[PDB]
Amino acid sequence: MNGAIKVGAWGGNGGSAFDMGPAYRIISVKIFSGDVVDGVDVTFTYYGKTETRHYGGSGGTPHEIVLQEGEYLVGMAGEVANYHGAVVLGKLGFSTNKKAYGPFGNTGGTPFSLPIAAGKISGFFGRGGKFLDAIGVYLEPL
């Protein structure tokens, strides 16, 4: 709606769907991982208020991506894996216009990659349960 562009999600069909929408300003992403991607904390600002939403389960070790001034997410990549009978994100990483982060997680499977030649990530959607079943992104120019 309202001219959104959503690509993905990559991953499985388990868990519960989530959708952050594209209205907020992402300030940091915290990926929790061990053998696979357990979940993600997305911290954003909106009208001067800072909020964090958690998706996926409670396991794993955190790996934070803190966006500096003038830093944007311009890529996402990873692996879709079969783990404990579930189709989940086995690995997940991101690129900014300054640096590559990760991938985080240690289970291979079917790779995916989202290089963004023109544009940036402006929000997330996906599925979460005990682990991070799936992830997708909203895109916008620059």
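For the two forms, the rigid core is made up of the largest set of C-alpha atoms that agree within 1.5 Å on superposition. All residue numbers are counted from 1 along the displayed sequence.
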{"query": "More variable segment, 101 to 109 or 22 to 30 [Cα RMS over structures in 6 other deposited structures of this protein, core-superposed]", "finding": "22 to 30"}
{"query": "Stretch farther from the shown model on average in 6 other deposited structures of this protein, with CA RMS computed after core superposition (49 to 57, 74 to 82)", "finding": "49 to 57"}
{"query": "Greater mean Cα temperature factor according to the PDB record, 120 to 128 or 9 to 17", "finding": "9 to 17"}
{"query": "Per the entry, higher mean C-alpha B factor between 33 to 41 and 61 to 69", "finding": "61 to 69"}
{"query": "Options 56, 115, 78, 48 - largest CA temperature factor per the record", "finding": "48"}
{"query": "Ranked C-alpha temperature factor of residue 86 among modelled chain residues, by third", "finding": "highest"}
{"query": "Chain-wide C-alpha B factor ranking for residue 106, given as lowest, middle or highest third", "finding": "highest"}
{"query": "Record-listed C-alpha B factor of residue 97: chain third", "finding": "highest"}
